[PDB]
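Below you'll find only one chain, the form deposited in one PDB entry, shown as structure tokens.
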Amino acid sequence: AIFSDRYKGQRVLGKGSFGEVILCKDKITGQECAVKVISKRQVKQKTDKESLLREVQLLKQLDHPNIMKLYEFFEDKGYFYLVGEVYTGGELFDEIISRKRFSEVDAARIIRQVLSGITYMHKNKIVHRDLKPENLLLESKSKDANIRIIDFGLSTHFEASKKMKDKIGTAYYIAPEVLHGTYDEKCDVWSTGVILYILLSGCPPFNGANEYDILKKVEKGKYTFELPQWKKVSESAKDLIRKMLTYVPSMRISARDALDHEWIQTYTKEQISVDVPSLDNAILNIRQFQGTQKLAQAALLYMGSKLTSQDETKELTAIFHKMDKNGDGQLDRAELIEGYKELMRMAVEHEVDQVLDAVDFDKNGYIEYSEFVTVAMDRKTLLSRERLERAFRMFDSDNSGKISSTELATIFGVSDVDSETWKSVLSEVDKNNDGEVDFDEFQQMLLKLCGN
């Protein structure tokens, strides 16, 4: 079984957990799929291969409309290839923030789907452990679309990335008992309870300035309904949340029994019988939450991509140098492609051609490979820079064009950028800052925070 014999890469879907997800296509049937590629080297394995193989085989036989469908599994010297069904509706919360109105009925429908998928998985002795909004995909970008839970069962066999770009946002959802090391399927009920709390209020129940702060709250396990917007919420919803966020797991309600709860039964009726006031403050809060999380993540990815492009700028120049037997610094289309491939090893024809368009539109002769290197790398870093700008713009909901010092403290705390470190970098960028930054200044800060 060779992965590449069956599937061709089409386009990247993202970096998710444990590795990158690539949209692939079956070479024979044309069938599209999402393949999670996990590098055995860059990621450690918890269990022996036999245990992993058995769990994979089980997963292939399981089917539920709220669980991502696993089709196939491949392995080579370097990697595991997990072939799943592709879902195109994006992350649940990125949908929710676009909505104009949101009620308890909406929240209930969402949670019943999650609880349903979880219950089926627990029946089969599969635990998630890292349940969070990022792991709730939509079959289509619509409030009517079905939810598919991704990454069930991965945490049992693979160690999580300790890189903060990977870690962002994880602290809010993790069960206290996971932190302390003794856990079972009840941890997934806890995470779901955290998600329900956020849907109804727009604010995490366990919150803080940074990762440790948040984890400290989770561990203590104390939370409240003190916020004003909890006045608009039914006692029934609050009651379920209490049961889901019960500290001791044996006393914590099960996924199965949570489906049976009065709130779920009452509010997921096809026919809306009960009062449905729009949880307007929760929406505003949820948008603020998502925006913050997305900007912090984009910031780390941007800094990461900057460093990566620095390495690859040096390598690419070295490679072309060797090829530059003449020493005139000019190469042809063939040579440029070959070198690009050399670096890649360290589709192709088309990417070089895009570069040459800008460089030498007429294509009359040879190319200053130096000029090529520059343009080539800028196209590689585009996604991250535009994504950064988009996240900045989205976070800036009033279109002020600026982010305040208070907002920066939140963004950087979530990002594990030390308070004293970022403030010092701000001072270097703008001596006369007024306790706010525009986009360019923010970007200048990030550059300085990654050795630039």
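Start at 1 with the first residue shown and count on from there.
(Q) Tell me whether residue 288 is absent from the model in at least one third of the other entries compared, counting only those where the residues either side are present. (A) Negative; every one of those entries includes residue 288.
_I want to check something about residue 238: across the other compared entries that model its neighbours, is it left unbuilt in at least a third?_
no, residue 238 modelled in all other entries.
Count of coordinate-less deposited residues separating residue 274 and residue 275, as none, 1 to 3, 4 to 9, or 10 or more? Nothing is missing.
Practice problem: Can you let me know which of the two, 260 to 268 or 151 to 159, has the higher average C-alpha B-factor in the entry? | Solution: So the stretch with the higher mean C-alpha B-factor is 260 to 268.
### Query
Looking at the deposited entry, does 61 to 69 or 380 to 388 carry the larger mean Cα B-factor?
Higher of the two, by average CA B-factor, is 380 to 388.
Specify which of 291, 221, 329, 205 carries the largest Cα B factor in the deposited PDB entry.
Among 291, 221, 329, 205, the PDB entry lists the largest C-alpha B-factor for 329.
Next on the checklist: Per the entry's Cα B factor values, which of 36, 393, 27, 40 stands out as the maximum?
Outcome noted: If I rank 36, 393, 27, 40 by C-alpha B-factor, first place goes to 40.
Q. In terms of the chain's CA B-factor thirds, is residue 423 lowest, middle or highest?
A. Middle third - that is where residue 423 ends up once the chain's C-alpha B-factors are sorted.
With respect to C-alpha B-factor, does residue 189 fall in the lowest, middle or highest third of the chain as deposited?
For residue 189, the deposited C-alpha B-factor lands in the lowest third.
Lowest, middle or highest third of the chain for the C-alpha temperature factor of residue 446?
For residue 446, the deposited C-alpha B-factor lands in the lowest third.
Relative C-alpha B-factor of residue 306, binned into the chain's lowest, middle or highest third: It belongs to the middle third of the chain when residues are ordered by C-alpha B-factor.
Would you mind ranking residue 54 by its C-alpha B-factor against the rest of the chain and naming the third, lowest, middle or highest? Middle third.
If you look for the form deposited in another entry, you will not find it shown, but the lines that follow are about it.
Have a look at 380, 260, 322, 326 and flag the one at the hinge, given that one rigid part turns against another between the shown form and the other one.
-> So the residue at the hinge between the shown form and the other one must be 380.
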